[PDB]
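Residue-level structural notes
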2 protein chains.
Amino acid sequence: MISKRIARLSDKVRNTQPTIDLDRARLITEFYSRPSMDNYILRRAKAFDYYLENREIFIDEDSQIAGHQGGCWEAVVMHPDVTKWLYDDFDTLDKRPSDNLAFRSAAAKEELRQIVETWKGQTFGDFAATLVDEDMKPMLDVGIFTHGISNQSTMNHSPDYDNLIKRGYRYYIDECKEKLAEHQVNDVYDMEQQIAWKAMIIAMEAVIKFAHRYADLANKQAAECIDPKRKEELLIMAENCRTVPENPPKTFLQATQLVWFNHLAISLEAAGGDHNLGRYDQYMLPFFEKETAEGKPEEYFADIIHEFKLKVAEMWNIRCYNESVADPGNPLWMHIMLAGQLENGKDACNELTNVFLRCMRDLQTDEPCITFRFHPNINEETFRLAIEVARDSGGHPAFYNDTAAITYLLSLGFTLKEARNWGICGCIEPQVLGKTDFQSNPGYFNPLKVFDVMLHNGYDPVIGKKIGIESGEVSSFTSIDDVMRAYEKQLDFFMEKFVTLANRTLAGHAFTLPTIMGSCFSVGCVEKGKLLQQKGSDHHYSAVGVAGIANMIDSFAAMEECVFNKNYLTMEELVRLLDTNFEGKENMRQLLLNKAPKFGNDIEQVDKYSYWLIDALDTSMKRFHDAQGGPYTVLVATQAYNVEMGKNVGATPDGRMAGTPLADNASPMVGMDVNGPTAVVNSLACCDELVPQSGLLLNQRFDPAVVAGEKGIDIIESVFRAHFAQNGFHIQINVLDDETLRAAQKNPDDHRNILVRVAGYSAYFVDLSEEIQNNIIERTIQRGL
Amino acid sequence: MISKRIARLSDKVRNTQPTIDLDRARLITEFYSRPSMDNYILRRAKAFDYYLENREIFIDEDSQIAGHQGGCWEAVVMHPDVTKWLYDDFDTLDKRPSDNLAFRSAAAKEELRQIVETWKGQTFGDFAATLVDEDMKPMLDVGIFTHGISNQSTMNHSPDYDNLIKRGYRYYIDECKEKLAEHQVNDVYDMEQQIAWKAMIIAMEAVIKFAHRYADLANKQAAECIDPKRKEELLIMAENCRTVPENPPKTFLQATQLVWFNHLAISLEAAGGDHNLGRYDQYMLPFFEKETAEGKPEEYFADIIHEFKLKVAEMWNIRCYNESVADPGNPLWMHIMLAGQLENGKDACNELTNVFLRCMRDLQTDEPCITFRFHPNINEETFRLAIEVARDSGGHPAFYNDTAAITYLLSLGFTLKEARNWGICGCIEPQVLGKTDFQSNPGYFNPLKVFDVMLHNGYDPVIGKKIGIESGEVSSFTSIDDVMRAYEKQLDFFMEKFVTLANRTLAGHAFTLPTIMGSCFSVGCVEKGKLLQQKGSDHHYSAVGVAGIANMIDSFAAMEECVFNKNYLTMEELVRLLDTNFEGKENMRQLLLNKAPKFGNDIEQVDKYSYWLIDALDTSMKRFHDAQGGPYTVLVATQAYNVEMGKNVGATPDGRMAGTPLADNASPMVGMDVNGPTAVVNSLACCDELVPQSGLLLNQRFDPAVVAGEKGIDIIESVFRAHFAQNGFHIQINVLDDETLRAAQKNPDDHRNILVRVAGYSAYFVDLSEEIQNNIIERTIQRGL
Ligand SMILES: O=C(O)[C@H]1C[C@H](O)CN1
Ligand SMILES: O=C(O)[C@H]1C[C@H](O)CN1
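Judging from the entry metadata, X-ray crystallography is the method by which this structure was determined, and 2.6950 Å is the reported resolution.

Quick look at the structure:
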């Protein structure tokens, strides 16, 4: 069904081999090699300007929208200034098991040399490493927590697109100028406001210059164009790129061209991801409505949305070799929000919502993450449509409950009107578009490794050493309640090592690594004259990535029913069994696995511990604030860390074997949800899903035959609405066969469009490692409920 | 009668040609050329270490103290990273008319030209240039004021030698380590403290490593040394440099080695000067007594004090070609304080004060400036000795009244015990040693130029632009009071412009240019974890250098006389008189010249205006605080700006002619004090000399025949004590023959040791330009009072 233009654009994205680009690396390295005493924030604006002035740019034949990250299709942009892993991990850059990257031409050496070696020891990531105390290094080694935003900028940019779409850069530039002219330096620290406004001005004029570069390219190409239809596309492009982003868009294409330009510019200034694109069906609606009444047909807009979506799919955010194994498929976590409600609470679904969903019906892209906002008065037509496409084309959208999200946000200090205008930076975490500086990556926390360390009263078998504290020798435990307290004591100590590292790191950013473009249109920054790292936003909070709950819940139900009720074994016998990885006593392993109930089967005796753990985690981290004064929130998600962190957790009492992967995110352990998906969501409702203010990341998988047709929607819609009626937040669907997934393993070339939801992002199954593929195939296939 | 060793050392300093050095310029430029995202304060510290690990060093055979700025005698260390003037003024650098410098090879181009080109547009001075508003540029151009600290660091450092000499660097390193260990980063700005302590550690361990380079070098020269006296010196030097500044010195020579290392380290980290050396006769006394008890003769200390004084006289602080002619001779303004009171108010003189004065009797060096602290209980021997030496030698103990300084410092928020430990950074401004961060260079202010603009109701005629405001039309002045109210409005306008620019600049240092070493032992910095620029000292205040006062006083007298009293002309006629430089009306200029009283002759009619003017400038600047929260204070001192600011002021009503030098500093104008030196100090008594906190700089010359014999060290007291009882602060004399200073121009190489006090600094007359020489020769010669 898709247009021929979109079929070629899609093909270029999906099939051009991704090549490492040296434009940015070369030009940034040359700018920072000019000695300077300019203040480092002004220097960084000026380095951004210099890079956008000299980098390569192309306009592909089929493109109606100007701009790519590179000067060729599928360029992979580099950040040797920020990323220290580009030194340690350099040799595997073009041999990865998750991220197919190639050099263009054995200018692998221009980068080995002239650049990565030149930066040795002086990258941002090298500064971040100096903030890690000696005791923390074993903690990081065995995977108790990770050191987030230590090789990326603070990322997670949420531009005020609702207002930017009406104003254009020149509005904010003039604001900074007006701010600058009435501002007095009375105190040394007042220079901060001067630097911030100036830097933001320099950077906004930089992007305008960048757009004018595409306009001139477009215009030269137009002069040599014989096809009248293309000649007109290019004169319209050149005209668009002289109008926008500097000025308000006049047309639907200009509005998309402004948002893309701004998105792209943010992507290139600093290493990082997770920037959102706002509520496209909302801020775009005046343009669709106007030009539609002018005669333009639905497909005019469809092709633009498709090119727009493909602009994002082409982007990369390369991470250290290790984050690329646990984040396989390279999530950008760049959301577009659809549906939800307006300020006054009435339905926000519109015609453009449907136009967009019908595009996804015809062509799905790995990114962006499409975030569909359910609410009680959601248009039923539109809701079921979104269900249709999640099952059919597969991949998107995930589904989100406005009533749960607005509760989280109000509990975080937002007003009702603000809460109604929420989106995501990251996997699933709610936030108020345009007015939040959400830190999605302080790091991850591994409750199960902490438990492992508690089962040995502070020593770690894996790396053999004392890294925790004495929470209590295991023989002294009278009850499940006694071991709960011993855990809470170990959890409290490690939660505080982690928050110390995270607070230190976010503070260091404030003295080394700005993000100017991402500040410009975050509400607060221009008004206060403070970039994001200097507390520019009115709202900061940090989500702790809690790597799973299922294994902890199950190993605690297993200890209660098998150690303290039925007394099948003391606890010293369990550590010996666990230490010895069940070598021999595999009869006993089956006792723990079958004789005690497992999470996700709507079994209150195991389900009671979900409430307990979410609560201790919330309580433990909430005795601190982050380095910008905001709360620490609970998020349950592992991405591929269930596998990678699992590799470092010995045998757990739930029956899980040493080094085997954990459950996936907040879902039950593989094989244990034997009672259908209404029971899985019923189990998650014992967490008190109004508590974790940055969400429970939930994966569900259905057999495509059983959820076929129109009654098949009714099954999915029921499972959904039942989740939401219990304050469920997020639900995420794969409608995929066990057999269909092995066919793509044996014959990847014939199944290069099966799109899987991994965690809070989607990826092409053939792009994923074989180890990660089998971990997605192990997921439970719900046959109904 | 001075030791052969001190004669040789003296010759090596006084006669080796200053040659521009490229170690710092080379090594620093090299370092800032390695790209780095490290924080710029940490980077500076590491830059500092790197330079100290690779600069050339050398040890003269006649030296017992290690360390020089260069690897040869009289090296001139360059600061291309800071000084913007190095580009625009490169060409004249080696053809200067009051500096006299030379390149060794064709390293003019070799390196130093190419190095400055590398830095082009990226020096600290370039960044400071951005802080000047458009409308301020004409004001700078015609010399209404000066952009202070725009090509230097905040400088003006004042180490806590009293404690340092007892603790060594290790004490402070360990205090940084302890504080770091306790410190939590709970807010982003808490990282400031981490960065401060770490940078101070790096910088102090760098100076220790540097000391070791000298130990290793001295040891090496010991073993090849065939003379057992010099061999023993070298082995002492080596043991010394393994001891200081890391640890508390144990000996007079070590205490001196420590002081010199610290001073020298500060001078090399960043451009600038005005660092004081403390009360040497005080903190050194325990070592002198213990070693004199042990049989060391006076001559042992006399030769260390001499070499130490020469170590400082060898130093350079190169300024731009403009400052290079208004500050002729390269003032370093590095004071050693002598005498004064102890904490309890008792006389602080001791044997070491005399030993020190005896050295100056025998050998005077241009720097350090020596400030003798007089007070009502001062030892009569010591005081009269100090006078003798000021007379029979390049006058160096200038004289300062403790009662007047302790009054200034009390009005500045200091305690009585604090104010007794006072010294100078700058020319004459009082501060509390170890506990003050005094800005001696916010910039100068030209009240006479402001007066010009007032006479033209806001216009500057030379440039024809209305750079000021509407003071009022001169044709409307009913009274001398009307003119005074007019000048006040103009003064307020330009004073606010000046303060705006100085405040912005001092803010600028706090985001670009640290002074780490000078922060280390400033009380407050290590305690608070703040370098000086981040408000580390408990006391910051800023002296506005007011370019003279005499011409203003005389002009207002001349106007009250000839315009308003005896109606010789009207205000419009006076203006035309002035706009034409008195052309064809020399009768009239003689009227204003002689029919109206002048300043410095104890005539109340004119002297009443000195109170009004000093009050107006104080009141006007007290509307504001500096950027660190401290007050602005008045410093009446022209330096040699009376020539270079003179050239931008038209004829004035006191009879001075367009382009003509102003009166020098806080003195009366050439020719006007005709009634003796005792009357000049009575005239300055109508200033109310308790009001200019930071002092009026007073120059007085005497005919050598008159004040000879003991009826000089009896008649000298005379004019001294009567200045002090009248609350006089500063009384600094030069006793040159006037016929001696003319013969010393025809035979330069024959009067190479003639040292004149030229505006709070002191220099050898055969090192000044002719224009600055013939102007120093127009100072009133007093034949007695
Ligand atoms: O690493 C990141 O980008 C964030 C994404 C997710 O919200 C949790 N960690
Ligand atoms: O320019 C300077 O270095 C200071 C010195 C003295 O206080 C007058 N101004």
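In this section: the site of ligand 1. Residues and elements named next belong to chain A. Around ligand 1 lies a shell formed by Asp274, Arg319, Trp333, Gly426, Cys427, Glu429, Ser440, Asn441 and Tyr444. Within the backbone of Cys427, an N or O atom sits 3.1 Å from an oxygen atom of ligand 1. Residue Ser440 places a main-chain N or O atom 3.1 Å away from a nitrogen atom belonging to ligand 1. Burial of ligand 1 by the protein amounts to 99% of the accessible area it has alone, namely 270 Å².

With that settled, the discussion passes to the relation of the copies chain A and chain B. Each copy of the sequence occupies a distinct position, and chain A is placed on chain B by a rotation of 180° and an axial shift of 0.0 Å, giving an RMSD of 0.5 Å. Here the two chains are linked by the operation of a two-fold rotation axis. Across chain A, the rotation axis passes nearest the C-alpha of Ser33 of chain A, at a separation of 2.3 Å. Of all interface residues in chain A, 96% are interface residues in chain B too; the two copies therefore contact each other through one and the same surface.

With omega at 0°, the peptide bond leading from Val244 of chain A into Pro245 of chain A counts as cis. For the bond from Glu367 of chain B to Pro368 of chain B, the omega torsion is -10°, close enough to zero to count as cis. Summarising the element assignment, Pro368 of chain B is placed in the loop between α16 (351–362) and β4 (369–374). At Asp274 of chain A, a position not held by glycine, the phi torsion is positive, near 65°. Along the chain, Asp274 of chain A turns up in the loop between α12 (252–269) and α13 (280–283). Of the residues examined, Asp274 of chain A reaches a relative accessible area of 3% and is grouped as buried. Despite not being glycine, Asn567 of chain B has its phi angle at roughly 35°, a positive value. Mapping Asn567 of chain B onto the fold places it in the loop between α24 (550–565) and α25 (571–579). Judged by relative accessible area, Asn567 of chain B falls into the exposed class, the value being 55%.

With that settled, consider the pattern of salt bridges. Within this structure, the stated rule accounts for 98 salt bridges over all chains. A salt bridge links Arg230 of chain A to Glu233 of chain A; the shortest N-O distance between them is 2.8 Å. Separated by three residues within a single helix, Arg230 of chain A and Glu233 of chain A lie in helix α11 (residues 228–243), roughly one turn from each other. Residue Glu233 of chain A is classed as buried on the basis of its relative accessible area of 11%. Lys311 of chain B is paired through a salt bridge with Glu307 of chain B; the nearest N and O atoms lie 3.4 Å apart.

A word on the interface of chain A and chain B. Contact residues are listed per partner, giving 49 residues for chain A and 47 residues for chain B. Taken over both partners, the interface formed by chain A and chain B buries close to 3800 Å², and the fraction arising from carbon and sulfur atoms is 62%. By the criterion of area lost to chain B, the three top residues of chain A are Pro35, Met37 and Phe511 of chain A, representing 23% of everything that side buries. Viewed at the interface, chain B and chain A are joined by two salt bridges. One salt bridge in this structure joins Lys535 of chain B and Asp187 of chain A, with 2.9 Å as the shortest N-O distance. Elements with a contribution of two residues or more to the side of chain A that touches chain B: α2 (23–32), α3 (40–54), α5 (108–119), α6 (124–129), α10 (191–223) and α22 (480–509) of chain A.

This part takes up the sheet that holds strand β5 (residues 398–401) of chain A. Residues and elements named next belong to chain A. With mixed pairing, five strands are arranged side by side in an open sheet as β3-β4-β5-β15-β14. The open sheet is flanked by β3 (335–339) and β14 (699–702), the only strands paired with a single partner. Ignoring which end each strand starts from, the neighbouring axes of this sheet average 30° apart. As paired elements, strand β4 (residues 369–374) and β5 share four bridges and run parallel to each other. Across the sheet, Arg373 pairs through a bridge with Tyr400, a residue of β5.

Attention now moves to the packing of aromatic side chains. Under the defined criterion, the tally for this structure stands at 86 aromatic pairs over all chains. By way of ring pairs, the aromatic residues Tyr161, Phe252, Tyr280, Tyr283, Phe288, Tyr300, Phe301, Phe308 and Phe356 of chain A are connected into one cluster. Between the NZ or CZ atom of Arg34 of chain A and the centre of the ring of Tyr50 of chain A, over which it lies, the distance is 4.7 Å. Between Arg14 of chain B and the ring centre of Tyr764 of chain B, over which it is positioned, the NZ or CZ distance is 3.8 Å.

Now for the pairing of strand β12 (residues 540–546) of chain A. All names here are of chain A. For β12, the tally of buried residues reaches seven of seven residues, placing the bulk of the element in the interior. Taking every second residue as pointing to the same face, both faces of β12 are buried, with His540, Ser542, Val544 and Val546 on one and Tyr541, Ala543 and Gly545 on the other. As defined by bridge partners, strand β8 (residues 437–439) adjoins β12 across three bridges and the pair is classed as parallel. Residue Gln439 lies in a different strand from β12, and its bridge partner there is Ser542. Alignment of strand β9 (residues 444–445) against β12, held across two bridges, turns out to be parallel. Along β12, the bridge assignment pairs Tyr444 with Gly545.

Okay, the site of ligand 2 next. Residues and elements named next belong to chain B. Neighbouring ligand 2 are the residues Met155, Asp274, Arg319, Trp333, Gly426, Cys427, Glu429, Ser440, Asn441, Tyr444, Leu635 and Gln639. Here an oxygen atom of ligand 2 and a side-chain polar atom of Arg319 are 2.7 Å apart. Within the side chain of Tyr444, one N or O atom sits 3.3 Å away from a nitrogen atom of ligand 2. Relative to its unbound accessible area of 270 Å², ligand 2 is 99% covered by the protein chains. Looking at side-chain class alone, the shell around ligand 2 contains five nonpolar, four polar and three charged residues.

As a further point, take the sheet that holds strand β13 (residues 730–734) of chain B. All names here are of chain B. Taken together, the six strands give an open sheet; going across it, the order is β3-β4-β5-β13-β12-β16, and neighbouring strands pair in mixed fashion. Each of the sheet's edge strands pairs with one partner strand only, and the pair in question is β3 (335–339) and β16 (781–782). Lying over the sheet, α16 contacts β3 and β4, oriented at roughly 125° with respect to β3.

So, on to the packing of α22 of chain A against helix α28 (residues 604–621) of chain A. Residues and elements named next belong to chain A. Where α22 meets α28, the closest approach of the two axes is 10 Å, and the angle between their N-to-C directions is 30°. It follows that α22 is roughly parallel to α28 by the angle criterion. Taken as a pair, α22 and α28 cross one another with a handedness that is right-handed. Contacts between α22 and α28 pair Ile480, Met484, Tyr487, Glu488, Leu491, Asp492 and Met495 from the former with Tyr609, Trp612, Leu613, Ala616, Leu617, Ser620 and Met621 from the latter. Tallied by class, residues from the contact of α22 with α28 come to eleven nonpolar, one polar and two charged.

Bringing helix α1 (residues 4–15) of chain A into the picture now. With twelve residues, α1 of chain A extends 16 Å from end C-alpha to end C-alpha; this agrees with the ideal 16 Å at 1.5 Å per step. One side-chain oxygen at the N-terminal end of α1 of chain A lies 3.1 Å from the backbone nitrogen of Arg5 of chain A; it belongs to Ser3 of chain A.

So, about the packing of α16 of chain B against helix α17 (residues 380–391) of chain B. All names here are of chain B. It is at 9 Å that the axes of α16 and α17 come closest, and there the two elements cross at 15°. When the axis of α16 is compared with that of α17, the two are roughly parallel. Relative to α17, the crossing made by α16 is left-handed. Two secondary-structure elements touch here, α16 through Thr353, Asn354, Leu357, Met360 and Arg361 and α17 through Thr382, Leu385, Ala386, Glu388 and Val389. In terms of residue class, the contact of α16 with α17 is built from five nonpolar, three polar and two charged.

Reading the values: rules and limits
Residues numbered from 1 in each chain as written, not as in the entry; some residues may be left out. Chains lettered and ligands numbered in written order. Heavy atoms only, no water. Residues with missing side-chain atoms left out of burial classes, pairs and counts. Near = heavy atom within 4 Å. Polar contact = N/O pair within 3.5 Å; in protein donor to acceptor, adjacent residues only side chain to side chain. Areas by Shrake-Rupley, 256 points an atom, 1.4 Å probe, with all protein chains shown as cover. Least-squares fit on C-alpha atoms. Contact = heavy atoms within 4.5 Å. Helix = DSSP H or I, 4+ residues; strand = E, 2+ residues; numbered from the N terminus. Buried < 20%, exposed > 50% of the residue type's maximum accessible area, 1.4 Å probe, protein only. Salt bridge = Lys/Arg side-chain N within 4 Å of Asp/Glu carboxyl O. Buried area = accessible area lost by both parts, 1.4 Å probe. Pairing = 2+ DSSP bridges. Axes fitted to C-alpha atoms, helices over the stretch in contact; angles between N-to-C directions. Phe/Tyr/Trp six-rings, centres within 6.5 Å; stacked < 30°, edge-to-face > 60°. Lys NZ or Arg CZ within 6 Å of the ring centre and 35° of its normal. Nonpolar A, V, L, I, M, F, W, Y, C, P; charged D, E, K, R; others polar. Parallel < 35°, antiparallel > 145°, perpendicular 65-115°, else oblique. Left-handed = near helix turned anticlockwise from the far one by under 90°. Expected span 1.5 Å × (residues − 1).

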